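# Observations on the three-dimensional arrangement
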Amino acid sequence: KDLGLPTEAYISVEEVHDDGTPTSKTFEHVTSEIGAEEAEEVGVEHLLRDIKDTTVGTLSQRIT
Amino acid sequence: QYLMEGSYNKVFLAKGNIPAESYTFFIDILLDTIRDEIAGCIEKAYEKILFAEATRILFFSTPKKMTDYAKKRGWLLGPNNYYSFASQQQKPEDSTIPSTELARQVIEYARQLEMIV
Amino acid sequence: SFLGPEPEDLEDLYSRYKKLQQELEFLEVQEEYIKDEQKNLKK
């Protein structure tokens, strides 16, 4: 939905919203991160040799 | 050599009348030129000085003479003049707030550096 | 001074050069590939 993760995390919230409108039930988003446990890390690291967000190996890697 | 040096007092025009082999008709239009040069140098010279101090060195002493060359300089009116234009130009080195141009060659240095590594 | 084999010089353009050009184009491809690969070993 952006360019990073395809995941959003939500919690149901009730909040008063005013412009001529009553109190609304909505879903308020909370930000997400990435992270894994050792088993997962092992397979992805050997398999990866792709270009990524950045690998890091040169100055030029950093511009991407 | 004298004009280049910055002298407007040992310049000579008397030595151009020693030949009268039609060098005698060039002096006519080289009493203009000496005047022109003093006047430009004075624009650079003063951040701002009094009218009185500057006219005796121009060798103008009538307001008509002041007006005539003042047009060329960009100076406004006759005894009144703005010598200040030229001085004003030096001062902008002070800025720092807009970085892109002020730093300079930001694109250039980066590009070559990236190739090398 | 002047070049020794003028029949070889006139003939060579059509002969050796034309044929070679294809072989060279592969050689160009191998040059870009090495760079990509070189950068890939670095990852």
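Residues numbered from 1 in each chain as written, not as in the entry; some residues may be left out. Chains lettered and ligands numbered in written order. Part of a larger assembly, values for the part shown. Heavy atoms only, no water.

Method of determination, as annotated in the archive: cryo-EM, at 12.8 Å resolution.

### Looking at the pattern of salt bridges
Tallied over the full model, the rule gives five salt bridges over all chains. The salt bridge involving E8 of chain A is made with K1 of chain A; its shortest N-O contact spans 3.0 Å. Look at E8 of chain A and you get partly exposed, because its relative accessible area is 36%. A salt bridge links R73 of chain B to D36 of chain B; the shortest N-O distance between them is 3.4 Å. Taken together, the positions of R73 of chain B in helix α4 (residues 63-73) and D36 of chain B in helix α2 (residues 33-45) put the pair 37 residues apart, joining distant regions of the chain. (Salt bridge = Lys/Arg side-chain N within 4 Å of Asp/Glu carboxyl O. Buried < 20%, exposed > 50% of the residue type's maximum accessible area, 1.4 Å probe, protein only. Helix = DSSP H or I, 4+ residues; strand = E, 2+ residues; numbered from the N terminus.)

### Describing the packing of aromatic side chains
Residue and element names in this part refer to chain B. Taken as a whole and judged by the stated rule, the model has five aromatic pairs over all chains. Plain terms: the ring middles of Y2 and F12 are 5.5 Å apart, the flat faces sit at 80° to each other, and that makes the pair edge-to-face. Within this pair, whereas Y2 is found in helix α1 (residues 2-5), its partner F12 is found in the loop between α1 and α2, the two being separated by ten residues in sequence. What makes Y2 partly exposed here is its relative accessible area of 32%. Seen in terms of ring centroids, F60 and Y69 are 5.2 Å apart; in terms of plane orientation they differ by 50°. Their pairing is tilted. Through successive ring pairs, a cluster of aromatic residues spans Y46, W75 and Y83. (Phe/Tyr/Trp six-rings, centres within 6.5 Å; stacked < 30°, edge-to-face > 60°.)

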